[PDB]
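# Observations on the three-dimensional arrangement
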Amino acid sequence: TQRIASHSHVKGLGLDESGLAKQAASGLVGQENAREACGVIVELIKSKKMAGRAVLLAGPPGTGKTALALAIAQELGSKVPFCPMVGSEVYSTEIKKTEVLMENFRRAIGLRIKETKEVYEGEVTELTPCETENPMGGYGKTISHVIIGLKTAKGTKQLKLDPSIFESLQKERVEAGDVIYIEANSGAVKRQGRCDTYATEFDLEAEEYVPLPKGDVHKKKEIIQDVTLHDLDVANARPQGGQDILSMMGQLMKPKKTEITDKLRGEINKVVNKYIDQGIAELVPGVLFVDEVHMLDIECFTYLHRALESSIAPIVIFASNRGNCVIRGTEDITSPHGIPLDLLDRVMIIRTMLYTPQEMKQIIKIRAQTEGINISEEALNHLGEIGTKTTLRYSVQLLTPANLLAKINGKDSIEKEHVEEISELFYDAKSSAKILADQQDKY
Amino acid sequence: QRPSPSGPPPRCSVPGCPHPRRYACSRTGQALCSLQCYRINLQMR
Amino acid sequence: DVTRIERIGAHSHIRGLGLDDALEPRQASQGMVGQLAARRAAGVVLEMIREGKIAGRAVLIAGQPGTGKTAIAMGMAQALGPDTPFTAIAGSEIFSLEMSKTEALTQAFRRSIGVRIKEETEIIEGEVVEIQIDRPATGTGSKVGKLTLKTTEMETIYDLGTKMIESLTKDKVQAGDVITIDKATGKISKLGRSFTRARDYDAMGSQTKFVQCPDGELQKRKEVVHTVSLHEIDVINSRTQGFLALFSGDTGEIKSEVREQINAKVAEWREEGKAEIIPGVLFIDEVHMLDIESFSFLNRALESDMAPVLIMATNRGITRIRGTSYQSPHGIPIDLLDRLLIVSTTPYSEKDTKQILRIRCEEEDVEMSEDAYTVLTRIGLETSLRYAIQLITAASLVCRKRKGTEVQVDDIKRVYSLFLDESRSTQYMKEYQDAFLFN
Amino acid sequence: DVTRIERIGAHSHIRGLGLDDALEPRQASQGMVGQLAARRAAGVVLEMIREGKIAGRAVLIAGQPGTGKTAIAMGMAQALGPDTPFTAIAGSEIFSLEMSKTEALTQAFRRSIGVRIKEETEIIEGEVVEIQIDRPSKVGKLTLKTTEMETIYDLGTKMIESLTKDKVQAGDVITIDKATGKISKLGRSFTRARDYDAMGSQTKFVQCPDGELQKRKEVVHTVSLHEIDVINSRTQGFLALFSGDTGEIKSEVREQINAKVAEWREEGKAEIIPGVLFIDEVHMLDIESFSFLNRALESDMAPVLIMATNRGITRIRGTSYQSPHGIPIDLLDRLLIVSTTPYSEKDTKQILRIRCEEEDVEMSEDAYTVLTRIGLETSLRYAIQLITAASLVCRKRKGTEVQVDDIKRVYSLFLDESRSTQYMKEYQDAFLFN
Ligand SMILES: Nc1ncnc2c1ncn2[C@@H]1O[C@H](COP(=O)(O)OP(=O)(O)O)[C@@H](O)[C@H]1O
Ligand SMILES: Nc1ncnc2c1ncn2[C@@H]1O[C@H](COP(=O)(O)OP(=O)(O)O)[C@@H](O)[C@H]1O
Ligand SMILES: Nc1ncnc2c1ncn2[C@@H]1O[C@H](COP(=O)(O)OP(=O)(O)O)[C@@H](O)[C@H]1O
Ligand SMILES: [Zn+2]
């Protein structure tokens, strides 16, 4: 069974047809205005019109700003890319920060392109170079084509192939008893190995045998693949070929990220524009979620400045939980959320408030039920009171150890004694800080 | 061309054992499967 | 319905500077309104750059936040044209772990001076009828063949040497194909298979698209125009068979001797009349972020005879320069500050803010009532213009949610209540002093 | 007499966590004394780890120096035992020069998640005796020999070619996997180690294989997720597993690894076993790295973090802010602090006894009394270290039992922190730099 995470219950915002926020739906309670704003943002993302618009979820720690981003991701679906990030990913020892940011920005934009695969594959039986019976002046014969018999688990059939393919057949080891495959579009031939049927004619053979193919000899299907715009960058930056001393040399050396030049993007954009205009590929913009933005640098913010007004950048959702803090990279330039004011004028701020005890108890119950835990009301109320005394996280965290203690005692549900014992055992931040202050002389 | 295949795969020489031939013995030269059938063939000869 | 890679951004409505033949800015043209003096100066410098005779000229644009400095930059970039190189670099796009700051600035400078080359070649576009290959038995590896080409009017037979045969085999060209042959270099570009020749076919050995037959004469002339920056010429000549560094960006701290060699060779190329050198424009935005060493390198690098017309941008006041402790205007030392002209921008008013909102709505295809426009302008005067611009899309979405067609004051008030401003967020922020982190 | 690579350390006298069936600690069991509440919490979180149902859980152990945070962590590791990954690192181990602090923590996270897989293996292994070929498709046979049988295989042409290229000779012990057909020479038999009086560049003499020849069975493989990441990091990445040459693995590979692992667990092919990541002296991590743990503990697959901290209210490294435990508040709430308590005099006697029997040292009762007095007036670790020197000084006296005089002599010879500091101030001018 899939293991329980810390945000497993969040399945959506839980909105009406009119956009109003339900009191409790899809694992979310409260924060009605925030949920309505997030629904508006979801509509904006689905609109496929804007670009580079940013929203900043601002609120105290443990108020659900991280959860709402995942709710937006869930309500978006899975056909639109959603790239998470923390503020500490920019600091790399291999490449500059504004390239980490540019690569991530290009990650949140995905493609979706369709194509057909056609192949003739199966076991080879005989090779008949069918001749035309009347050689030409100055020659003893005139081979017309090659007849190749291929059999799979369905049936056997003969195919007429160009004579030149024989020149490729001798390039590899094409003997009867092997299984081969030829790409219809490409036209090359490749050998997989001898069939399993002849796996017993010897006691020790150096080659490994593959099973006989099941299905029709000639397969043809249609496949749609999705690639982000960053994958094209890496593919074009590092050509993966083997017939070079450069390709192979780089493929032997330690791979390192390289600062992609803006000229490469200028041509990838042109080619994807051409193919979109030809109706082959469909572009789908996505979302990029930066949590703990307050860990960025002033250089990173100043690059984000220019990055946002681009006509290609995706929708960015920032999250932070800092008060009036000093901006990283400066000396004493304080600012709200640790974010410069000039950048902060380009974002739409969504405020997240605290949680009332009723909503806290509802959250505790939802977590307990999603987790597969049974709790009594006289203990659930005590747990909610304890959480309201300290915080929501400290109340939700004690669910599992209480269940383990009850199961050790044999009971199938948590009572008052289990909760009080667990609370007596573990400590919270406030009491630990009080102890540290009391015993400061011995640390 | 297609060389003619064989119908039944070779079997362990001991009539009781129905396993296929993993290998052939050296001292006496018969098909064998494992330790037990090797010991049986050694004893019965 | 289809969505291209280019979407509607923050400066997607500005299509130019909106100036007449007399270089007198208009009140409202080409997506730009107001800011008459800055637009005038920008038109002057645009005409100056278009003339392209003096080098190493710098211009700084200063003013309040959100007063169109970047808007002016994008406007002059659009007015300049696509064929004139323009490079936009942020203030932090030079602090790299792969090359020094001076090296990055040198690459940025050399990336702006373009070279235009017209390349005319003789080509043969035609349909393949049959191909003749006569492999030797033993001999010494000499191959001989013939190749017949046909169009809807004329046809011919060509002989083959020992060089194009290997190319034809590598590209795997057979009958029923339409190919373009480059007479100079010798490359074979594949167009596609024909229609009539596809009737006689073996099993699928090539499945792809379809094309027609090149009409007219078999032999023609093709012309390409290449715009190559100096920096990529430097990268090409810095190592043998090194071309992925144009895209990979792996070349670091190129040797100077290569740079002077390229400068000299470009000089002779200009003299011979083969290629044409065209200076471009470099736009460094938020340039207060540059370390003092970068500024002082700019000092000397701006005195060369191949420097571009760099354009600055800053919204800071009397601030200490990055990396130092000395105050100075615009966070820039006086040395660099004494070598360029400074263009200042004025804060906006109500009359032109309303027109900004109107043109933004026209770009975004959003309709509001006149009362809604007045409320939005009041918001965009009590609060910055960017917030009012942003609220337009949210109001349009909210209006479309209720199956509406015209945005109303109630929708705008709802959006104002839903999202937040920096001032209101800070006001609500003071009441949770102990709830936040590190106050 | 014979000393192995491992010997008596500081935490080697503890073997598991002393508990009961009802998770009730004992006064003195499995080399642990006291810390009843801390051991109860440790047992609860150990059961939580063993169940492995919830992901992303953090526990912090705090207390004064010399109270046994690291001892509790090692006891937990021993009680958990092998077969469950347990990655123990120090706080300062992530300050690398080839990878950022993010990668050095991401890899430390992926190295505490185990994957159990089952494989069907058939392998032949034995000493070759004679190889015969003919020259007519060359046909031949080869003979294997073990302690039980002696057998002949009628191998094919490709096997002939492989054997010729590998240059197999009689007396060699070789293994072949019939599934693929790869020869893995192990060396030469002991009985074949005399026909050459000048051995080549590299040869090894190993005993002839015993038992049945062609063994077919099922094996279990427990591989960490970090290994699966490194293997797909580059073309030949398994070298980096031992070299340590890996750096900044692309994020488009770890997601694929996670998706494939989820698909495998859905198919039942492989099973995921969570583990523990112990980060000792976590009080010295970067504010940038602390913020990374915020989103690292909220993933579907993540180990249980256990941290130790010796700091009270102190400055955070990387910023000019005062916080408890040197840890930001936005992370401390995600944790679950388990506090410790300074030991009493009875605990001090009962803890010096265990080390004495660990070092195989007999001590007198008055010697124990004096040692307990010293270890109460001074640090416990100093008193613990005072027994090893005492044994050697008593051995120099040619006595089998230590006494009070020996303890006093060893106390007078070496110095503790207090006396060193006191004597240091007497002639502080002679010292350098204050
Ligand atoms: N609206 C909500 N409904 C249900 N649970 C919530 C809600 N908001 C927060 N939580 C719970 O609070 C816990 C921590 O919230 P989090 O998103 O980490 O807050 P922050 O982002 O401020 O740190 C999560 O485990 C989540 O389950
Ligand atoms: N004169 C103008 N004409 C049209 N739009 C303008 C003008 N001035 C400002 N704007 C709009 O204001 C928005 C913010 O301006 P911005 O580029 O941030 O100014 P600055 O870069 O000086 O802070 C831009 O999206 C732009 O469309
Ligand atoms: N509960 C205990 N039982 C037995 N020995 C202990 C216990 N706690 C600590 N010790 C011993 O005390 C010595 C020092 O304790 P240590 O773990 O270094 O303290 P801290 O946790 O402050 O680092 C260790 O060598 C350890 O073996
Ligand atoms: Zn048998």
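Residues numbered from 1 in each chain as written, not as in the entry; some residues may be left out. Chains lettered and ligands numbered in written order. Part of a larger assembly, values for the part shown. Heavy atoms only, no water. Residues with missing side-chain atoms left out of burial classes, pairs and counts.

### Details of the overall build of chain B
- A tally of helices and strands in chain B yields one helix and two strands.
- Dimensions of chain B, computed from C-alpha atoms along their principal axes, come out at roughly 45 × 20 × 15 Å.
- At a minimum sequence separation of 6, the contacts of chain B that also span at least 24 residues come to 5%. (Helix = DSSP H or I, 4+ residues; strand = E, 2+ residues; numbered from the N terminus. Contact = heavy atoms within 4.5 Å.)

### What to know about the UniProt feature "binding site: ATP" in chain D
- Feature annotation in UniProt places "binding site: ATP" on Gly63, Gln64, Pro65, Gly66, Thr67, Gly68, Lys69 and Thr70 of chain D, given in this structure's numbering.
- Among the secondary structure elements, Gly63 of chain D is positioned in the loop between β3 (57–62) and α2 (69–80).
- Exposure remark for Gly63 of chain D: the relative accessible area of 1% places this residue in the buried category.
- Discounting chain neighbours no more than four positions away, the residues touching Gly63 of chain D are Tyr443 of chain A together with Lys69, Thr309, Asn310 and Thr340 of chain D.
- Taking the relative accessible area as the measure of exposure, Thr67 of chain D reaches 2% and is therefore buried. (UniProt positions renumbered as here; feature names shortened; annotations may be inferred. Buried < 20%, exposed > 50% of the residue type's maximum accessible area, 1.4 Å probe, protein only.)

### Quick word on the interface of chain D and chain A
- With 76 residues of chain D at the interface, the matching set in chain A holds 66 residues.
- Summed over both partners, the interface of chain D with chain A comes to about 6400 Å²; 56% of that surface belongs to carbon and sulfur atoms.
- Counting across the interface, chain D meets chain A through two salt bridges.
- Between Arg393 of chain A and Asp333 of chain D there is a salt bridge, with its nearest N and O atoms 3.2 Å apart. (Buried area = accessible area lost by both parts, 1.4 Å probe. Salt bridge = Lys/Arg side-chain N within 4 Å of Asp/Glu carboxyl O.)

### Comments concerning the arrangement of the chains
- Most contacts, when the five pairs of chains in contact are compared, are made between chains A and C.
- Nowhere do chain B and chain C come into contact; their C-alpha atoms are at least 22 Å apart.

### Considerations on the pattern of salt bridges
- Counting across every chain of the model gives 63 salt bridges over all chains.
- We note a salt bridge from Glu93 of chain C to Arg306 of chain A, for which the minimum N-O separation is 2.7 Å. Of this pair, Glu93 of chain C sits in the loop between β4 (86–90) and α3 (101–110) while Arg306 of chain A is found in helix α8 (residues 298–308), placing the two residues in two different chains.
- Since its relative accessible area comes to 14%, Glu93 of chain C is described here as buried.
- Of the charged contacts in the structure, one is a salt bridge between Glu358 of chain D and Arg15 of chain D, with a shortest N-O distance of 3.1 Å.
- Given a relative accessible area of 49%, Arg15 of chain D falls into the partly exposed group.
- Bridged by salt links that share partners, the residues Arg393 of chain A together with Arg295, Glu298, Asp333 and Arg334 of chain D form one connected network.

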